[PDB]
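The chain below stands alone and is given in structure tokens; this is the form deposited in one PDB entry.
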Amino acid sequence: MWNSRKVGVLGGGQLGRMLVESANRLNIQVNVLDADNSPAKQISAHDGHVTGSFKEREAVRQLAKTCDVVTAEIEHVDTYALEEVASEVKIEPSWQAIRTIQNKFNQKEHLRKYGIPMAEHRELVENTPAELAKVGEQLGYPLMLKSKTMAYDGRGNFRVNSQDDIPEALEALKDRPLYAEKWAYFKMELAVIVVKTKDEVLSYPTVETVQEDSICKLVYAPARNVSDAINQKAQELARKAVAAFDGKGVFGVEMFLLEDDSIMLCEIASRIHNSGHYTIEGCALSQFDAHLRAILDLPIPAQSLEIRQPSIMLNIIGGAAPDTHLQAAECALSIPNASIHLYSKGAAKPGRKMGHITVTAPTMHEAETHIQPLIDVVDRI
């Protein structure tokens, strides 16, 4: 009815899985495109999934020929197959938004036309040290070396501190299209989850995030020690970046806070984002519930995106050992107020996002205290 439609999700990792939990609560059929038995398929026992990859032309097209709206839980999808099937199903958010967004360098130039403040950069026309060395004397060291495509979870980033790191950097991001970014000296990082609807623009509070080795680690929601003046500029900034893109759906906005208190965009995501996991226990409508509603033109009471109590989300990243992530979840079993989410991801690879723990509390202070020991254990591994 309002829930008879089928939703095609390109990608079926943890994100796709949180989306399915939300789908399941409303009895909306979610057909997933990804490997068999992926995280999302694991909790949706029916026959509509499609086996194959989201960057796969014919797999992308089959999914679409069987669903009323096709969405994505990842950006590195075949937007060409999507333009091809644009006539057979609705796509939200838009294939052009995804195509743009999926190339970081391209995303950025798209936004610069829009006024968006963002770190200086230089594309790398070949992958020579000569080239890099050059760009180095153009924007200084260190600098962030980055792959234009396929990057997520710090996977296409490489900090270059000196000209002596050059070969390692290049090796590291071997055979990928690159660009370098002038350093961003942030006093903190922020993120706003924006929701684009048929007739409205909604958003959650600004949160403070902490990244290490280029990967998100913690999220404090709402953001600590930030004036309502900053929260605000942050929010405007985020809505602006989003308005630059076509589509209904949840959008993730990453910004850096300058020592000067001014704001910079770090990157924009045309999907459900790690920065918003706290919404599950943190608000009445999680980002995941929100996103389905948006792409299905279902209501979204704004009150439901307000934060119920303070919270902190800690990621459970693969460590040196492959058992290691379990030890963290295990410790979480004893943190008061800690909600544990394991991704059913398989082999835990170092740096691999394997699950998250979200801790709430009537006050940050107290949420901070409940979680310390778990960060402590997490830290020593």
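Between two forms, the rigid core is defined as the largest C-alpha subset superposing within 1.5 Å. The numbering used is simple: start at 1 and walk along the sequence shown.
Beyond what is shown, the protein has a form deposited in another entry; the following relates to that form.
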property	result
Core-superposed comparison between this form and the one not shown: the option from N225, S162, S87, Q303 whose CA moves 2 angstroms or more	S162
Core fit, then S203 C-alpha moves 2 Å or more between this form and the one not shown	no
Large Cα shift (2 Å or above) at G252 between this form and the one not shown, core-fitted	no
Large Cα move at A294 between this form and the one not shown, threshold 2 Å, rigid core	no
